[PDB]
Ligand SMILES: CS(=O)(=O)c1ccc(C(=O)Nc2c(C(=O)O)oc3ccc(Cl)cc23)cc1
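This document opens with one chain alone, in structure tokens, the form solved without this ligand.
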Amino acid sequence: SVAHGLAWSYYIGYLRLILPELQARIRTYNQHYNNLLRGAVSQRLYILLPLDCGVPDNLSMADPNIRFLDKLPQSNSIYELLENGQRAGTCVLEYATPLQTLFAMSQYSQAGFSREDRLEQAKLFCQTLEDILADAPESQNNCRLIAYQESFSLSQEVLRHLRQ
């Protein structure tokens, strides 16, 4: 099961290191860099987990209601989320980039990995990641996993989690 190792790496080699000082980085942005009125960036890292493992080049080509806003200071990006043609939220948003391995494996004949195998691994990755973060010290209330399957709205998917 390839997902097991991907989810551990994602956590241990990345989340474990960026999550402890994430809220301070958002706090600096809100207080000193934010030129947006009433639009404060949310306190959590929103992680996009598409079950089809399709990670685009840039986030905005996937949805026109997701617009790049700034780089989070001190590798992370801030986006504005549109609802009804208006800014409905602002957050630090990204893809769980280890999903690229599952998509690349499904695209390599010698891996013997079908689309059905990919979907199962994608789901397994999400569940293993949920279990790791649940027992993780630095991941108490600063991380949000947005798992989804696909006119679909990626912005409406993020906004529901933001409202939570």
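Start at 1 with the first residue shown and count on from there.
There is another form of this protein, the form solved in complex with this ligand, and it is not shown here; the text below is about that form.
Counting atoms of this ligand, placed from its pose in the bound PDB entry by superposing the C-alphas round the site, that lie within 2.4 Å of this form's backbone or C-beta atoms gives 3 or more, so the site is blocked. Here the marked residues 115, 146 and 149 all miss this ligand in the bound PDB entry; none has a heavy atom within 4.5 angstroms. By the criterion of a heavy atom within 4.5 Å, residue 60 is excluded from the residues contacting this ligand in the bound PDB entry.
This ligand in the bound PDB entry comes within 4.5 Å of a heavy atom belonging to residue 36. This ligand is not drawn, but in the bound PDB entry it has no heavy atom within 4.5 Å of residue 43. The closest heavy atom approach of residue 85 to this ligand in the bound PDB entry falls outside 4.5 Å. Contacts between 53-84 and this ligand, taken as any heavy atom within 4.5 Å in the bound PDB entry, involve 73, 74.
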